[PDB]
Amino acid sequence: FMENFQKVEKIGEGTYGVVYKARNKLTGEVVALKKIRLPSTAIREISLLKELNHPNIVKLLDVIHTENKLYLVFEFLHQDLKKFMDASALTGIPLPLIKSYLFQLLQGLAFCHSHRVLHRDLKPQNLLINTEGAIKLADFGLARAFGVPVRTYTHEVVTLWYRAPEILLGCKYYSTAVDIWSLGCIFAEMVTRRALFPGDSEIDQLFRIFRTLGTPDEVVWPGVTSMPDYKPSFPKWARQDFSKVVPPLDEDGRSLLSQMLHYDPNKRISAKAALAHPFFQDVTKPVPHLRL
Ligand SMILES: O=C(O)/C=C/c1cccc(C(=O)Nc2ccc(Cl)cc2)c1
Ligand SMILES: O=C(O)/C=C/c1cccc(C(=O)Nc2ccc(Cl)cc2)c1
């Protein structure tokens with residue numbers, strides 16, 4: 001299968017398999033080629049994503065099942081947000097660029113959610129950027145096909161840092177709200193240059209959330225005490241003000257972030273409603289300086 005395009009390089013190691021940069025011999029385009037390591041139901045679910053096209057979604061070019069191995073062919077972008085924020089650590093990112101990126105990501109979410117497709121595993125590593133100021137969501141719809149594993153194929157730990165509390169509390173039904181939660185965590189990280197909730201176990205993840213947002217109860221989250229993994233013995237932390245959490249973000253940004261991090265997934269702001277928030281009144285599309 002690797003003889004029907006040149007393998008420019010191994011790009012790195014994704015959740016499910018190796019990622020290569022490759023040239024498509026027929027089209028001449030440079031693409032990302034992801035080998036998925038281990039299922040007809042999955043092939044059908046993923047093949048449907050070839051029509052889920054939007055400028056803020058990494059394009060799924062092809063789905064190849066051969067010699068019992070699965071390969072996904074995607075649009076290539078040169079950098080991810082993790083590497084960009086690491087490279088930006090001494091200075092931070094301009095607020096206009098943070099705002100542009102959040103706005104664009106919300107447009108991608110609004111599109112996919114309107115088609116009833118979730119991501120479920122948003123994280124900086126699957127947010128790809130180009131020279132023109134665009135940002136795009138990678139690997140949309142793959143969790144519904146493959147699951148979100150504990151470890152990758154290389155045994156690397158799959159991050160918990162962006163996981164919504166309903167998932168951690170054992171809800172089996174995911175709503176689009178899980179993606180808004182993850183994006184809110186990413187927003188906070190862009191602003192502060194630190195992960196919001198860098199848990200290193202499921203309980204550390206849930207208790208970090210609680211120590212910032214307060215331990216949830218039936219006042220803020222009806223039904224929370226009946227969730228599978230809820231325990232009455234959870235410690236009861238008081239909620240922190242967002243002014244201490246994400247300084248120096250303004251009150252428009254803090255209001256939006258608070259709505260993206262509501263405990264109750266039914267209450268959590270939708271992507272479509274978020275696009276109308278006053279924080280985006282002055283949105284623009286700045287150029288990032290990328291060194292490729
Ligand atoms: O404010 C803070 O920084 C901490 C306050 C705080 C207060 C009470 C309990 C805990 C806590 O999480 N304990 C714990 C012990 C065993 C396991 Cl298995 C999980 C959790 C923490
Ligand atoms: O205009 C330029 O050429 C670059 C300016 C520039 C460069 C780096 C960082 C910043 C900055 O202040 N970022 C920031 C982030 C979050 C909040 Cl909440 C407020 C501010 C600005």
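Calculation rules
- Residues numbered from 1 in each chain as written, not as in the entry; some residues may be left out.
- Chains lettered and ligands numbered in written order.
- Heavy atoms only, no water.
- Helix = DSSP H or I, 4+ residues; strand = E, 2+ residues; numbered from the N terminus.
- Buried < 20%, exposed > 50% of the residue type's maximum accessible area, 1.4 Å probe, protein only.
- Contact = heavy atoms within 4.5 Å.
- Domains from an automatic or database assignment.
- Buried area = accessible area lost by both parts, 1.4 Å probe.
- Salt bridge = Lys/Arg side-chain N within 4 Å of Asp/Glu carboxyl O.
- Polar contact = N/O pair within 3.5 Å; in protein donor to acceptor, adjacent residues only side chain to side chain.
- Nonpolar A, V, L, I, M, F, W, Y, C, P; charged D, E, K, R; others polar.

- Identification of the protein chain as Cyclin-dependent kinase 2 from Homo sapiens is taken from the PDB entry.
- Per the PDB header, the title for this entry is "CDK2 in complex with FragLite38".

**Remarks on the environment of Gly184**
And step 1. Assignment of secondary structure puts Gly184 in helix α6 (residues 177-192).
And step 2. Residue class for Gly184 comes out buried when judged on its relative accessible area of 0%.
And step 3. Residues contacting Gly184, with those up to four places away along its chain left out, are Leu257, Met260 and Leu261.

**Describing the domain arrangement of the protein chain**
By convention, interface size is frequently given as the accessible area that disappears when the constituent parts associate.
And step 1. Its domain assignment divides the protein chain into domain 1 (5-75) and domain 2 (79-280).
And step 2. Taken together, the 24 residues of domain 1 in the interface contact 29 residues of domain 2.
And step 3. When the buried area of domain 1 at its contact with domain 2 is split by residue, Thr15, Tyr16 and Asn56 rank highest and sum to 29% of it.
And step 4. Applying the counting criterion to the domain 1 and domain 2 interface returns two salt bridges.
And step 5. Across the pair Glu75 and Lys136 runs a salt bridge, and its minimum N-O distance is 2.7 Å.
And step 6. Counting the contacts that link domain 1 with domain 2 gives nine residue pairs in polar contact.
And step 7. Secondary-structure elements contributing two or more residues to the side of domain 1 that touches domain 2 are β1 (5-13), β3 (30-36), α1 (40-48) and β5 (69-75).
And step 8. When residues of the side of domain 1 that touches domain 2 are assigned to their parent elements, the largest contribution, four residues, is made by β5.
And step 9. For the side of domain 1 that touches domain 2, the residue count by class is 13 nonpolar, seven polar and four charged.

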